[PDB]
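In structure tokens, one chain follows: the form deposited in one PDB entry.
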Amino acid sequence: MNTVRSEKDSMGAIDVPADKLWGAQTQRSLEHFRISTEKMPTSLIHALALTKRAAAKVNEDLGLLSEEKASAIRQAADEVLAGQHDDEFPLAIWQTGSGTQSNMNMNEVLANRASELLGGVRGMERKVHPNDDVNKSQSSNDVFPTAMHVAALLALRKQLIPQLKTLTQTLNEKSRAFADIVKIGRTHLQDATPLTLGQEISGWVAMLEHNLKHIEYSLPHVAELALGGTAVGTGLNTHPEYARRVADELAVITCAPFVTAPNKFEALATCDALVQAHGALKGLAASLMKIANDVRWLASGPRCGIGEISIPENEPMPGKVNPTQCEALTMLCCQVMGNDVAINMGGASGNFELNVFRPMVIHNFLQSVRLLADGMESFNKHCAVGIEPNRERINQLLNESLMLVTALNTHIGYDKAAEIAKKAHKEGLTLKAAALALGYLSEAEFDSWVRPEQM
């Protein structure tokens, strides 16, 4: 739409596209921060809406906002949560470090929309006001950090954790299924003492189980909300019950254990909870990287690699099956590693009463959660559930190795066993061929003595 609407702020009047619900400040920001293409994540936008919804309810309960105006704001916020206004938030991540502009973006959209809901119109003759009504009892300083934690906790609890548990379950099933399949162990990439495929997979299971607990330990700090601290953390210009009531409200509507932050100065001046929470995520990324690598190496081939297992072929060189799910997963693990550094730098850069590196920190944090959650889901349904052992190949490898010589010790002694190993190695023979060539035992004895199952 070419038609414009004249909106205004303390700085003056500016043209806003008539079909849009934002106002003067969002338009100004849009024109001053034309940097790259990253915008606020949808999850953050919804968290901001939830925060405004909660603030409105509590403001009403405290007699600070009229029932009609408060309910209108609440209704407008719900539409945002329903995905009806995703096109109303054009601001880039690369804006003011406190997230003031996106806060104002939400205030303007909710004000113009709530006005219409009250039979009013959008624009300068609106019934609901962005600052006086929608931003009542708040500050960009405590609102943005709150939206950050709401989005972070819900994403961890609703997306990440469920996917982690699911992948763990699948791997545990595979572990039990292949409990009796003996294969060659590998240390330093060299042939080593045997172990079952089930034991090897149990290692991946234990890794995921440990990662779960680590992630769980980081949740309580993220559950702490800054709302109520206002500009510098002192809570100036708020009702003494506000901070507690707004935290309770958010907890009730999200069904998540949110609590008001015991120290508002720590809450506004840092991104510590997220720096720590992300620490657990980079840990999971390192674990997932190793699991994904084991899978693709073990599945390498079909003729010139290891080929101990086969994975589902999901796309259209005969047996050439590229482990694409493993590639997507390893790539995103590197991404999480890089994201941790950006977050660490932002988190260590707070100054006095406020950390102004927030949009960047939340951009990286939510991205890591999306990548990890979707990555595990994709890897699970498109790879893990279909992992199958190549029994023939596994057995062939076992029988060609020199690592089973240990079973001969108790029968013919160490010296003779080592001699057989040496001969086989120097002459390129199997242990059986060497043992028989030397005449140290019969084939029947070899077959009875070297049972990999007793590793």
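All residue numbers are counted from 1 along the displayed sequence. Each form is matched to the other, and the largest set of C-alpha atoms that superpose within 1.5 Å is called the rigid core.
Q: Where do the C-alpha atoms have the higher mean temperature factor in this entry, in 438-446 or in 19-27?
A: Higher mean C-alpha B-factor: 438-446.
Q: Which is higher on average in the deposited entry, the C-alpha temperature factors of 410-418 or of 43-51?
A: Higher mean C-alpha B-factor in the PDB entry: 410-418.
Q: Can you pull the Cα B-factors for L366, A72, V275, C326 from the entry and say which is highest?
A: Spelled out: the listed residue with the top C-alpha B-factor is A72.
Q: Out of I387, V58, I35, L429, whose C-alpha atom has the biggest B factor in the entry?
A: That would be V58.
Q: Taking the chain's C-alpha temperature factors as the reference, tell me which third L371 falls into: lowest, middle or highest.
A: Bottom third by C-alpha B-factor.
Q: With respect to C-alpha B-factor, does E108 fall in the lowest, middle or highest third of the chain as deposited?
A: For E108, whose C-alpha B-factor we compare with every modelled residue in the chain, the answer is the middle third.
Q: Could you tell me which third, lowest, middle or highest, the C-alpha B-factor of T187 occupies within its chain?
A: Lowest third - that is where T187 ends up once the chain's C-alpha B-factors are sorted.
Q: Could you tell me which third, lowest, middle or highest, the C-alpha B-factor of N314 occupies within its chain?
A: Within its chain, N314 is a highest-third residue by C-alpha B-factor, going by the deposited values.
Q: Please rank the C-alpha B-factors of the chain's modelled residues and tell me whether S137 sits in the lowest, middle or highest third.
A: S137: CA B-factor falls in the highest third of its chain.
As for the form deposited in another entry, it is not shown, yet the points below apply to it.
Q: Looking between the shown form and the other one after fitting on the rigid core, I'd like to know which of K422, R28, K39, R391 has a C-alpha displacement of 2 Å or more.
A: Once the cores are aligned, the residue moving by 2 Å or more is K422.
Q: Could you tell me whether the Cα atom of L408 shifts by at least 2 Å between the shown form and the other one after core superposition?
A: Yes, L408 moves 2 Å or more.
Q: Superposed on the rigid core, does the Cα of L441 end up 2 angstroms or more away between the shown form and the other one?
A: Yes, shifts by 2 Å or more.
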